[PDB]
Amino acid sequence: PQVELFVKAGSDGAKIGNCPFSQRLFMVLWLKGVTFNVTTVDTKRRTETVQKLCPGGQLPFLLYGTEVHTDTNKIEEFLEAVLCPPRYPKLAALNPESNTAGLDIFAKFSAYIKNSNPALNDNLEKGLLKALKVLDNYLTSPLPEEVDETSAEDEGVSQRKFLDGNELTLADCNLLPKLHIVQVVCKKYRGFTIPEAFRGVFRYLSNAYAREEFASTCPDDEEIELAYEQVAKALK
């Protein structure tokens, strides 16, 4: 049954553009094992096809069989619900709090990078650092799967790979595309990097990058950087 994801195109109108929602659903589908395809859309030059499939213009959108679904969160719920065991794995996190850790980082980055007031740059950076440290706290706290198993030099510290355990979940599909924008933009325009001393975050992204489901669905660094160049350059 034909699964077709429509995503926003980048600067050439062809390749995948900056959009954490595109990457998120791409990751969900890759993880599902399902046979699907991806069609980028140059929103300044829409095909007759797309115009007819999605007259409202929303992207991302999913074509599933004959039906079009919009609204990223809803496409994701739909996908989890319909592509299920035994045929396909459940991707939903086990621990509800994995679904919330790190959710505020994007909006804190947004304030940080759109700011043009030099007086507020240090505060905004701190706010960003803080939200990252809260995510780091979640990633270093043992999950229930890990109950009472310890290395003596590392007692009470989690060794899991991802948000919710050692497998990528929906929680990761949502968060990782966002964390990737944050890293890419802040490096380029703010001289800012995630402190390596957030060793929970650091291990997270290291393990994320080693996984083709993440790496391969990343827009090019340049696309992310071009997307942000108008708002990020404002700060003098």
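The first residue of the sequence shown is number 1, and the count goes up from there.
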Mean Cα B-factor comparison, 166-174 or 47-55, giving the higher one as deposited: 47-55
- line: Comparing 102-110 with 115-123, the higher average Cα temperature factor in the PDB entry belongs to 115-123
statement: In terms of its chain's C-alpha B-factors, the third that includes residue 72 is the lowest
- request: Classify residue 60 as lowest, middle or highest third according to the C-alpha B-factor given in the PDB entry, relative to its own chain.
  value: lowest
- request: Ordered by C-alpha B-factor within the chain, which third holds residue 210? Give me lowest, middle or highest, please.
  value: middle
task: Among all modelled residues of this chain, ranked by Cα B factor, put residue 17 in the bottom, middle or top third, i.e. lowest, middle or highest.
output: lowest
task: State the tercile, meaning the lowest, middle or highest third, of residue 203 with respect to the CA B-factors recorded for its chain.
output: middle
